[PDB]
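In what follows, a single structure is set out as structure tokens and then discussed.
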Amino acid sequence: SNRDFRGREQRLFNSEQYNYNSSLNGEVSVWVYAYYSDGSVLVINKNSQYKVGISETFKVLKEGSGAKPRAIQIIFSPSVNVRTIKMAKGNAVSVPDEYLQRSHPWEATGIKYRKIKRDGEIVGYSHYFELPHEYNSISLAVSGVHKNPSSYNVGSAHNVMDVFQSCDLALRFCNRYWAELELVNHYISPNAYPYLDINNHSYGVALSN
Amino acid sequence: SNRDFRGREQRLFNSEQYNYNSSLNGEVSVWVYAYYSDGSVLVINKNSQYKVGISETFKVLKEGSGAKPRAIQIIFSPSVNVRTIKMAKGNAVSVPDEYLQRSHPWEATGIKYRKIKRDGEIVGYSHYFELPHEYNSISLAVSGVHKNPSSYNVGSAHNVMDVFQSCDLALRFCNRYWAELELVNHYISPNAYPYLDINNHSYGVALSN
Amino acid sequence: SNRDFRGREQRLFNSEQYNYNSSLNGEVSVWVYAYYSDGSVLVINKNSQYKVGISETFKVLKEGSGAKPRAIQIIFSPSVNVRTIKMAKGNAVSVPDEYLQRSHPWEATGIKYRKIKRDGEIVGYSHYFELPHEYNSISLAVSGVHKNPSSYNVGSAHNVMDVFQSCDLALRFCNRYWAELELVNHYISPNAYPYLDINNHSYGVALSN
């Protein structure tokens with residue numbers, strides 16, 4: 001019966017979480033997972049309103065003696081507008097991508113992002129690429145804009161200062177895990193984050209509807 | 001007599017400093033003081049035009065073996081618009097505040113800021129909060145916008161690039177002091193910064209009028 | 001003859017590189033070279049669309065026991081609008097420039113920038129200043145805006161979010177070289193960057209026309 005208000009409230013509880021996230025009041029989140037030759041995983045996460053981005057350098061461990069980055073997986077929350085996703089990369093600690101005079105400052109990589117799904121629902125977006133063995137490090141920057149459900153100008157006369165503030169307010173986290181197993185068990189799963197593991201298995205929590 | 005031009009110029013000297021600061025040509029400044037279990041104090045200061053903010057992580061010293069953060073005091077210069085103040089925090093190195101799906105990206109904490117006064121003049125604003133003993137660290141972000149004395153649109157077609165530049169131009173300082181006494185004697189007082197100590201004593205310099 | 005299409009294409013190849021850089025699709029780049037008492041050189045480079053800036057602290061090596069910064073050379077790519085260049089500095093790890101109440105948040109230093117030329121062509125802009133011996137460090141911030149060839153409003157309703165993204169996407173590099181010779185041989189020259197050495201010799205590559 002629909003006299004089951006406990007069930008109805010539980011249903012609304014989950015749904016409202018899903019919907020608040022995709023409102024412009026909600027966060028847009030990016031994760032950069034760097035996979036090292038020793039099986040360890042380094043993750044950078046930043047969460048912010050309106051837009052979010054990361055600019056990082058992943059270096060060979062122990063002054064060049066330890067493990068080296070082998071691959072990168074970039075994850076965006078479902079609140080991102082996939083068409084706004086941009087990436088700039090260098091394979092070096094020294095401006096790797098050809099010459100400044102001829103470089104485009106970014107590529108629109110949205111079309112390469114796969115949908116991470118649980119129960120038919122999009123829990124995130126994933127772009128995975130491996131690094132050339134010939135390289136010991138990668139400088140990488142990625143950026144995404146929150147879906148704008150309306151025709152609302154977040155960058156209009158009055159609203160632009162809020163976006164400037166969003167830049168100050170963004171929170172960044174950096175963690176290293178010993179293996180993807182630890183990553184899944186202690187980072188991804190407990191926080192209900194979207195993820196694809198090495199076996200192409202999807203993680204995350206469907207909240208709609 | 002008002003034939004005392006030395007006195008009159010001294011009066012204008014002080015007043016002009018007070019007033020330039022609160023003009024849009026002046027700085028808005030934020031300080032984040034982190035109080036550690038060993039009595040030491042770590043301070044982060046950033047100063048910038050138009051708006052300013054800080055995003056930091058305060059961790060337990062010596063890889064988790066040393067002292068731990070116990071409390072935070074956030075200070076804004078008098079040039080801040082208290083109503084624009086925003087704060088986002090996590091108690092963890094891992095996205096502490098519940099779940100991303102349900103998180104508001106900030107809280108307006110202005111109403112909790114006390115006025116730091118010297119001689120009846122507001123020299124700054126202070127928000128103090130203690131950290132749960134149960135936690136070994138805190139990731140914290142705070143943001144404030146300069147008071148806009150006029151109806152001037154700093155984020156208008158032409159002026160927005162200046163605000164973007166203000167972001168590049170902001171200066172950040174990080175210092176650690178052995179005790180609040182050292183902090184007061186060698187940081188707060190010499191630089192004429194506003195402050196409240198553990199005994200609720202106010203520091204700073206009245207310049208008006 | 002103009003039947004030499006190999007020559008004509010080579011000519012267009014070089015020219016197009018020059019021109020793309022100065023289009024709003026191209027990068028604006030800044031370098032900050034810090035010259036240390038031991039002859040070593042530390043360089044910070046950031047490259048980004050629309051505008052670029054750096055905010056750094058150059059400290060005495062080995063916790064204050066090693067070499068100390070003696071001089072700074074700031075280089076901008078030719079795509080910068082020299083009139084938009086701004087600099088804010090402190091000689092301390094503690095808000096060096098007088099008192100916050102009376103500080104202008106930056107100086108327009110464009111008029112002090114020399115043109116670095118190769119073959120009559122501007123390959124960059126250079127501002128060089130020495131540091132007071134009395135100081136062990138310098139906190140420095142510099143900012144420049146890309147030349148806007150048109151009357152195009154990059155900070156208009158729609159375009160402002162792209163500039164916000166440009167902030168996320170900017171790539172920063174930090175390198176230390178043992179002597180200016182190494183710097184020239186392994187950093188400046190291989191990457192075709194503009195530069196002036198200690199003997200006032202100009203480096204870079206003319207690409208026009």
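Labels used: A, B, ... for chains in the order of the structure tokens, numbers from 1 for residues in each chain, and numbers from 1 for ligands as shown.
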
* **Contacts of residue 144 in chain B at 7 Å (only C-alpha atoms; same-chain gap of 6+ positions) as an MDAnalysis selection string** => chainID B and resid 51:53 80:81 84:86

* To do: Might you pull out every residue within 6 Å of range 123-129 of chain C, with only C-alpha atoms counted and same-chain residues fewer than 3 positions away left off, and present them as JSON, numbers by chain?
  => {"C": [71, 72, 73, 74, 75, 76, 77, 78, 113, 114, 115, 116, 117, 194]}

If DSSP is run on the backbone, what residues of range 39-208 of chain A are alpha helix (DSSP H)? A reply as an mmCIF file with N, CA, C and O atoms, in the first residue's frame would be ideal.
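In the end it all went to out-v3.cif:
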```cif
data_model
loop_
_atom_site.group_PDB
_atom_site.id
_atom_site.type_symbol
_atom_site.label_atom_id
_atom_site.label_comp_id
_atom_site.auth_asym_id
_atom_site.auth_seq_id
_atom_site.Cartn_x
_atom_site.Cartn_y
_atom_site.Cartn_z
ATOM 1 N N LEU A 61 58.657 7.543 -7.767
ATOM 2 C CA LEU A 61 58.871 7.573 -6.324
ATOM 3 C C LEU A 61 60.351 7.598 -5.952
ATOM 4 O O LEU A 61 61.216 7.282 -6.770
ATOM 5 N N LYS A 62 60.627 7.982 -4.708
ATOM 6 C CA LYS A 62 61.985 7.991 -4.162
ATOM 7 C C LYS A 62 63.022 8.628 -5.085
ATOM 8 O O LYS A 62 64.002 7.987 -5.464
ATOM 9 N N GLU A 63 62.798 9.891 -5.438
ATOM 10 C CA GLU A 63 63.751 10.658 -6.239
ATOM 11 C C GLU A 63 64.115 9.985 -7.559
ATOM 12 O O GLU A 63 65.182 10.240 -8.118
ATOM 13 N N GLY A 64 63.232 9.126 -8.052
ATOM 14 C CA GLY A 64 63.452 8.462 -9.324
ATOM 15 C C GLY A 64 63.927 7.028 -9.189
ATOM 16 O O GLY A 64 64.260 6.382 -10.183
ATOM 17 N N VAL A 160 29.035 36.100 -10.729
ATOM 18 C CA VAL A 160 30.412 35.740 -11.051
ATOM 19 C C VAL A 160 31.296 35.672 -9.807
ATOM 20 O O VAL A 160 32.205 34.849 -9.729
ATOM 21 N N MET A 161 31.019 36.525 -8.828
ATOM 22 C CA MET A 161 31.814 36.536 -7.605
ATOM 23 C C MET A 161 31.624 35.255 -6.791
ATOM 24 O O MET A 161 32.527 34.829 -6.066
ATOM 25 N N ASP A 162 30.450 34.640 -6.912
ATOM 26 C CA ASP A 162 30.194 33.362 -6.254
ATOM 27 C C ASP A 162 31.050 32.254 -6.854
ATOM 28 O O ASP A 162 31.510 31.364 -6.141
ATOM 29 N N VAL A 163 31.263 32.314 -8.164
ATOM 30 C CA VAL A 163 32.112 31.339 -8.834
ATOM 31 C C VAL A 163 33.563 31.552 -8.423
ATOM 32 O O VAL A 163 34.304 30.592 -8.217
ATOM 33 N N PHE A 164 33.966 32.816 -8.302
ATOM 34 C CA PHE A 164 35.295 33.138 -7.784
ATOM 35 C C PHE A 164 35.483 32.562 -6.387
ATOM 36 O O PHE A 164 36.523 31.979 -6.083
ATOM 37 N N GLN A 165 34.468 32.718 -5.540
ATOM 38 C CA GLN A 165 34.512 32.157 -4.196
ATOM 39 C C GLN A 165 34.569 30.630 -4.227
ATOM 40 O O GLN A 165 35.277 30.015 -3.425
ATOM 41 N N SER A 166 33.840 30.022 -5.161
ATOM 42 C CA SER A 166 33.851 28.566 -5.298
ATOM 43 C C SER A 166 35.276 28.061 -5.489
ATOM 44 O O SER A 166 35.615 26.964 -5.045
ATOM 45 N N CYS A 167 36.107 28.873 -6.140
ATOM 46 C CA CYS A 167 37.509 28.526 -6.357
ATOM 47 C C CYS A 167 38.287 28.463 -5.042
ATOM 48 O O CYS A 167 39.107 27.564 -4.835
ATOM 49 N N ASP A 168 38.032 29.422 -4.158
ATOM 50 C CA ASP A 168 38.659 29.429 -2.840
ATOM 51 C C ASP A 168 38.198 28.238 -2.008
ATOM 52 O O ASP A 168 38.978 27.660 -1.253
ATOM 53 N N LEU A 169 36.923 27.888 -2.161
ATOM 54 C CA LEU A 169 36.247 26.945 -1.266
ATOM 55 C C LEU A 169 36.440 25.471 -1.616
ATOM 56 O O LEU A 169 36.115 24.591 -0.812
ATOM 57 N N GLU A 180 44.946 -1.709 -5.545
ATOM 58 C CA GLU A 180 43.591 -1.328 -5.921
ATOM 59 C C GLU A 180 42.569 -1.919 -4.956
ATOM 60 O O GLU A 180 41.518 -1.329 -4.720
ATOM 61 N N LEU A 181 42.879 -3.082 -4.393
ATOM 62 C CA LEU A 181 41.991 -3.688 -3.408
ATOM 63 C C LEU A 181 41.775 -2.751 -2.218
ATOM 64 O O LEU A 181 40.640 -2.496 -1.818
ATOM 65 N N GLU A 182 42.867 -2.241 -1.658
ATOM 66 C CA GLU A 182 42.780 -1.314 -0.537
ATOM 67 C C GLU A 182 42.013 -0.061 -0.941
ATOM 68 O O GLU A 182 41.187 0.449 -0.181
ATOM 69 N N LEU A 183 42.297 0.428 -2.143
ATOM 70 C CA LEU A 183 41.617 1.602 -2.678
ATOM 71 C C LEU A 183 40.106 1.384 -2.693
ATOM 72 O O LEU A 183 39.346 2.212 -2.198
#
```

* Residues of chain A within 7 Å of chain B, using only C-alpha atoms, as JSON, numbers by chain? -> {"A": [17, 18, 20, 21, 25, 26, 27, 48, 49, 157, 160, 161, 165, 168, 169, 170, 171, 173, 191]}

Suppose we keep C-alpha atoms; can you now write the selection as a short mmCIF file (atom, residue, chain, number, x, y, z; two decimals), in the first residue's frame?
```cif
data_model
loop_
_atom_site.label_atom_id
_atom_site.label_comp_id
_atom_site.auth_asym_id
_atom_site.auth_seq_id
_atom_site.Cartn_x
_atom_site.Cartn_y
_atom_site.Cartn_z
CA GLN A 17 20.27 13.12 -2.70
CA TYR A 18 20.55 12.27 -6.38
CA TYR A 20 20.51 17.91 -5.00
CA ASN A 21 23.87 16.80 -6.38
CA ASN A 25 23.78 24.00 -5.27
CA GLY A 26 25.51 20.64 -5.46
CA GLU A 27 29.13 19.67 -5.95
CA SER A 48 33.64 22.23 -5.80
CA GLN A 49 30.55 24.14 -6.89
CA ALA A 157 27.17 40.41 -13.33
CA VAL A 160 30.41 35.74 -11.05
CA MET A 161 31.81 36.54 -7.61
CA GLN A 165 34.51 32.16 -4.20
CA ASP A 168 38.66 29.43 -2.84
CA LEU A 169 36.25 26.94 -1.27
CA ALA A 170 37.17 23.83 -3.26
CA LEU A 171 38.56 20.97 -1.17
CA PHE A 173 42.43 15.41 -1.02
CA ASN A 191 32.47 7.03 0.39
#
```

Would you kindly return, as an mmCIF file with C-alpha atoms, in the first residue's frame, each protein, DNA or RNA residue with an atom no farther than 6 Å from any atom of residue 46 in chain B, considering only C-alpha atoms and excluding same-chain residues fewer than 2 positions away?
```
data_model
loop_
_atom_site.group_PDB
_atom_site.id
_atom_site.type_symbol
_atom_site.label_atom_id
_atom_site.label_comp_id
_atom_site.auth_asym_id
_atom_site.auth_seq_id
_atom_site.Cartn_x
_atom_site.Cartn_y
_atom_site.Cartn_z
ATOM 1 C CA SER B 29 43.117 39.477 4.206
ATOM 2 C CA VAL B 30 42.376 36.187 5.901
ATOM 3 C CA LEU B 171 50.321 36.239 -1.585
ATOM 4 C CA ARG B 172 50.261 33.318 0.828
#
```
